[PDB]
Amino acid sequence: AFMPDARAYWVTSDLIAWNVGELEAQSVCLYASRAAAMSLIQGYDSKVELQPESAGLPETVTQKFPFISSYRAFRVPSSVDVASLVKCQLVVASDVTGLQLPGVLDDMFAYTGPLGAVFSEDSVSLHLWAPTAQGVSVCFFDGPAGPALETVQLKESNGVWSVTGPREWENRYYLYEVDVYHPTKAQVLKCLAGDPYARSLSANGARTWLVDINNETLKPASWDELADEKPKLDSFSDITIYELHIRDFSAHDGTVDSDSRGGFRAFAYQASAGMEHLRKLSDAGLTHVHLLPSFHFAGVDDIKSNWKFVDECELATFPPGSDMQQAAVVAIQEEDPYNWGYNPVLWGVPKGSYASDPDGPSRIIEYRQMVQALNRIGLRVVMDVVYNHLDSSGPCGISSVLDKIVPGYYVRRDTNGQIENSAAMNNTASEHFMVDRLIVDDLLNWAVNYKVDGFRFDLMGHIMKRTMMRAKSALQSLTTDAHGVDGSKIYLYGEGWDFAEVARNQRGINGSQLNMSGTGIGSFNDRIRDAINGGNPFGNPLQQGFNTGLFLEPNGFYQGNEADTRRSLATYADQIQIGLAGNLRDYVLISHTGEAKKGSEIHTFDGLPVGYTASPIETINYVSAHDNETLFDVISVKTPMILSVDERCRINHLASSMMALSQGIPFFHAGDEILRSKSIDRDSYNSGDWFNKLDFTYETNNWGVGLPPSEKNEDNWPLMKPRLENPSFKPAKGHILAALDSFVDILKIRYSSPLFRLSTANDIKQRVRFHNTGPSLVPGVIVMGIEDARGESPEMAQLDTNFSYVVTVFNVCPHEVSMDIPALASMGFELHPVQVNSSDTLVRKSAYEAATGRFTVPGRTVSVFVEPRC
Ligand SMILES: OC[C@H]1O[C@H](O)[C@H](O)[C@@H](O)[C@@H]1O
Ligand SMILES: [Ca+2]
Ligand SMILES: [Cl-]
């Protein structure tokens, strides 16, 4: 009907911004209608002329909203009751358009008092920030399915709606009824919404459970003593991360009771094959498990009686390169138990589908029991937090909450008023005060109420840097005496990708890789990933890299002439070595041309620095993650088809060892260690248990279970089919167990010397040297030396009581190499004791010759040499 866009901005109590011309600016008015009854302006309750502000927009405004800094400014007269107007339908007219209100809403209504439910001895109170709402009431219910028992009116003060009732309100269910103007419908609508500050929910978040999160009955045995029982963490430099999905972990695990597979409770089965696996990794030195999204997300029904399943017996009979398996999975993929969970509804509540019973307390106590179980086998717990976007927006539908209550505020919008979608639809606006508040409050909820040990930030580049830093400070100031957790050990990292509307700091300084340099917050190092694997997950799948045969073992995909592939290989080796040295801006490497270059002076294909950090703790080194192809699958695609699976097994080990022996923080995708496959699925978020299988019997790796789902993969099916059909590509249990044994040993090696985990940039610059460099380097070999104090009157602290020097040779060549390093001649090097005793017969052949400083290393092998002190 009347359905304006919103090209103007109400930025402060007294200023409106609108990009009109000078003559147009001489007659602008503001029109309001409480009933949203305006027509094309007619049908308004009030009008006021806006006098152009020749001074323009002040610094506070242009700093907060850089993308509108050139807009003309208009002064709102003191006669205007702003609090009343922001509840109405508004337009400005010169041309007619609506107003984007977040600036003025923060300016007038930013609030730091209590939100959500507050309990006291004799009362329960509710508080909701909804400054644009015309009315707010609460509907109470006595259970998850009953009818409403009563409706209570809330009263507004300074933008916040509140009501206090008796203690007996505890454990009721409730919803807010919010009467508010929704721009997408140009109407004032009555919306039923859960509490943004919810701490529990009925199934699918249908109602909010008015639970006291501090109730004794929600605490597992010994919960309050957990801080004392937590694994020691001396330094962030000691962190290694293992990235795991909660359903993947136990969906197929026959050692877990059938009715307890797929959720939080599976982690309480201490003797299960899955928990024995995690214990094996932790004992070897793994410190942290990063769990995929585990808060209230859309895309899986919490009501288990609605779950559908493929006939996994029938699908097993289909050919390994058939498209029938994926067709069957896809036919029910919206009704199965499976999703990665990157679809946020309410951040502060555990996912009901992972609980035994989605109504009542089980989701809370079982989440706590999971954290406690992981901690008790020596693993700290990281949550994958998704603050950059929402599942849904608008007035309707069970999965929209924040945007029902304060429409157009929690979500970021373009200059026409339309919601921004670059972060997987319905991008949030952390630049707005109460969004930033909710993000920080949520982090503190998980840290305090669930004793979570760290956080991985999905699309961190879409979050304001100021939000990241305020969160970091608040988290790291938590103490055991005041809060029950040692905040000083809580670690933060994320995806610092810079793209779309947040690029060039257009919405403020965002959490990009470059902007987070010097913050102590980690970001994923895509440079080392791509240099090792080759190309980029969105480039040609056959593009080779340092560890997939570029130059050394061409795969038949044309990638240039021999001189060019040789140089491209050497260029990738430069990028890898910067990454192995913590991916630092200032680390100086002899590059492939012979020229000494800082990490920042070695560039990406887009001219950005390869090395971008100020500290090794800012670097998350990885070759694999839940996104894109698994390590095994990328290797199987890019290497020559003729390689044996035995050869590919060694190549997998090389990749994970480059991570495990790097400076910075190594990150492993669950399954790296056991050759995990998704049958080459590049984006398995909705591909079910069939394509995402984690087999802790080690009988299968899930290679050859059909072409993966067509939506994301069909364009690449022709390269996939002959590989999936070829029996020589599929590993057996022996290979899987061999991969696991060597992964365990390389972790033992990392944790055998503090020299692999240097804590500062200065230490790395002083101690880490690369020895196969320049135009005449031996292709396919990286030699990395790490020095400790030795002799009398040393110029560095002694960090290692067992070893005075470590040298690592990564040999990706399919043949033995002899690397002569005169600088390391006449020293006491011997093969690392772990490798002397390796179950791999080949690595045992590695040798050092003192007279020449010659390190002889077999094909496709990582060899670690130590100089003992005793
Ligand atoms: O698709 C996103 C990709 O775009 C470009 O290829 C960039 O080089 C790469 O860094 C980024 O990941
Ligand atoms: Ca699904
Ligand atoms: Cl077939």
Side-chain angles (χ1 to χ4, degrees), residues 204 245-248 251 262 292-293 297-304 306-310 315-343 351 353-354 391 399 422-424 459-462 495-500 502-503 512-514 523-531 533-541 543 575 603-604 606-610 612 622 625 627-629 679 681-692 704-712 717-718 720-727:
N204 299 317
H245 187 266
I246 287 169
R247 187 165 173 86
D248 292 350
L292 265 64
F297 63 80
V300 174
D301 192 333
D302 290 348
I303 301 162
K304 299 197 184 77
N306 293 333
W307 290 355
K308 304 302 182 192
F309 296 89
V310 294
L315 267 62
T317 75
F318 298 164
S322 178
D323 62 6
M324 292 176 70
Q325 296 92 326
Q326 62 88 41
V329 164
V330 165
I332 57 161
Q333 70 182 348
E334 297 309 312
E335 282 179 42
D336 71 8
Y338 199 90
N339 196 279
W340 282 344
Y342 294 95
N343 305 311
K351 181 55 172 158
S353 75
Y354 298 155
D391 182 72
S399 299
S422 64
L459 293 173
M460 186 175 62
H462 281 64
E495 295 181 294
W497 316 136
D498 191 38
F499 63 97
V502 291
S512 68
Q513 287 166 299
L514 303 205
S523 58
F524 288 93
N525 180 5
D526 59 320
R527 299 92 156 104
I528 196 169
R529 179 195 73 198
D530 287 347
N533 295 336
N536 61 83
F538 301 97
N540 191 307
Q543 186 171 342
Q575 296 170 357
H603 293 165
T604 60
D606 310 46
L608 300 169
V610 167
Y612 65 80
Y622 75 141
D627 284 311
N628 314 305
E629 293 89 351
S679 279
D681 196 340
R682 74 167 174 101
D683 187 10
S684 67
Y685 78 106
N686 205 21
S687 301
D689 294 307
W690 183 260
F691 288 98
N692 288 289
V705 302
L707 294 160
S710 69
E711 193 189 316
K712 302 298 178 173
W717 282 357
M720 294 180 181
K721 190 167 189 291
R723 290 172 173 82
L724 293 166
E725 288 168 358
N726 190 333

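Numbering of residues begins at 1 and proceeds along the displayed sequence. Order of appearance sets the numbers: ligands from 1, and atoms from 1 within every ligand. What you see below is based on every heavy atom in this structure, not just the backbone, and it leaves out hydrogens, waters and symmetry mates.
Of the possible polar contacts, none joining the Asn726 side chain to the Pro722 backbone as a donor-acceptor pair under 3.5 Å is found. Side chain of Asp606 to backbone of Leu608: no donor-acceptor contact under 3.5 angstrom is found.
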Could you go through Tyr338 and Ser687, starting from their C-alpha distance and side-chain angles, then the distance that decides it, and tell me whether this counts as side-chain contact (heavy atoms from CB on, under 4.5 Å)? CA-CA 8 Å; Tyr338 199 90; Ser687 301; over 6 Å; no
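Side chains of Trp497 and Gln513 form a contact here, defined as non-hydrogen atoms less than 4.5 Å apart.
Using a cut-off of 3.0 Å, one finds that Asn339 contributes no N/O/S atom close to the Ca ion (ligand 2). Among the atoms of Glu334, no N, O or S atom falls under 3.0 Å of the Ca ion (ligand 2).
The atom of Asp336 nearest to the Ca ion (ligand 2) is OD1, with the search restricted to N, O or S atoms.
With a heavy-atom cut-off of 4.0 Å, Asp606 touches ligand 1 through its side chain alone.
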